[PDB]
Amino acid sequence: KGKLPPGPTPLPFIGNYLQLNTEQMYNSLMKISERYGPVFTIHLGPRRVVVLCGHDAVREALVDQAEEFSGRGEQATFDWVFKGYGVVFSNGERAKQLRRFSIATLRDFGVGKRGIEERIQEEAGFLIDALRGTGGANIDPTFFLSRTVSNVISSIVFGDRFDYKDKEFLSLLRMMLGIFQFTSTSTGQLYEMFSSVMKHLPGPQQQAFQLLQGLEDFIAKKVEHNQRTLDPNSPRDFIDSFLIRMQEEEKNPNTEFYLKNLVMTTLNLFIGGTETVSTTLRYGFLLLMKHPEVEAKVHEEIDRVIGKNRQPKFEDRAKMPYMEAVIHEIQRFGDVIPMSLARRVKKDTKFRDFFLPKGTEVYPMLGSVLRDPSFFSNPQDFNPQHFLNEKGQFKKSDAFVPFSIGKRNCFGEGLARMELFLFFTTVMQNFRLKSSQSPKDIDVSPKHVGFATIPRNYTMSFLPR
């Protein structure tokens, strides 16, 4: 219609700030959607953004017009350090170049293959030892899980795992959890609107920047070490591979393979390969203790298909529809990245009689699809049946989009699914979950919701079975 999607009239500079609640962006947007429709325009400060709500609107854009919506938008906090470099926040040629290399290199190191499956199984065994080590005490699982998860991707990018005792490793994981939570707080979402000003003011954002610089510094050190010990004929990990390609691209003035893209791309994979799976696992166990009946059914299936002796393997999932449904329901309820990572229209285009000019930022509301009442009967309830038919067999859903969809969807989905199944299964096979409080007093509502969905802090006991 030559006109952008409908939305509330914005004010100079602050945009629609007054009609939004930074502490509850999702609820604020859904409220506006009820008045303007499933597809609308919003102004986060001066950033004009088109919001897509519900399965239909999201799929039509990201898949039906995949190319048109294949551009990458921004996440102001992360942009502070990335500045458009690296695979995640890059665009155009840089994006096509870095993504293609990352996926291939990832495959070269076992992802999607027996190689990484064995890596995950071994790390899962280390988690089991670590959990038995607690002696059934009631502890905070947070870093036990993130250390295990992080060691998988760390093996690939750094060529080796971290010792669970390594204090520098714990420091890194704390940096990641800190940034992740900051982007999900009110100040974090306020930052998304007013970064032009806030990046220069005192406040929590400065601490978040500190944590990003800490992470970047660690990667820079790793790169330098690999540089002065590199064997161009035999790469030890993702970093070496990128370094070799960089050597080959030296006589190319326009190459995308240079130090800054190496540092940022590796940072993307280190953070990306750690925080979301870790958060999903953490939310998952809380959900299971909240619903004892589900844990019991999971135990019945594991003992039947796998038993108590052997280590779970990825091929076991095809014989475990219940576990498969439980994990899917954990990702659906968890809604870890509720508004996905912002996209951007790559070229002027028409969408549902709306005119979207090149460069227009887009917010695919994944959370609104994971809870779309047209695909799930009681979207607000944690219920594995959402992914099972009456015969107890696994039932797929077009609205299951926790990894998003389209041209810039998560290429870490393969690794993540294998980690979620092996870690969830191996932990449940060996332990019974014991909550600190009664199932009735357990609060599963999120602590923060912004860029991500963060579960409340909690402690628990892992009692051997």
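Residue indices: 1-based, along the sequence shown.
Here 294-302 and 192-200 are compared by their mean Cα B-factor, and 294-302 comes out higher. The mean Cα B-factor in the deposited entry runs higher for 233-241 than for the other of 233-241 and 143-151. Looking at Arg72, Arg371, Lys308, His328, the one whose CA carries the top B-factor in the deposited record is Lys308. Between the residues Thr265, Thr77, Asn389, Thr279, it is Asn389 that shows the highest Cα B-factor in the PDB record. Sort the modelled residues of the chain by CA B factor and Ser397 lands in the middle third. Placement of the Cα temperature factor of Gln207 within the chain: middle third of the modelled residues, per the deposited record. Annotation for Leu356: C-alpha temperature factor in the highest third relative to the rest of the modelled chain, per the entry.
Placement of the Cα temperature factor of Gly406 within the chain: middle third of the modelled residues, per the deposited record. Annotation for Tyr36: CA B-factor lies in the highest third of the chain's modelled residues.
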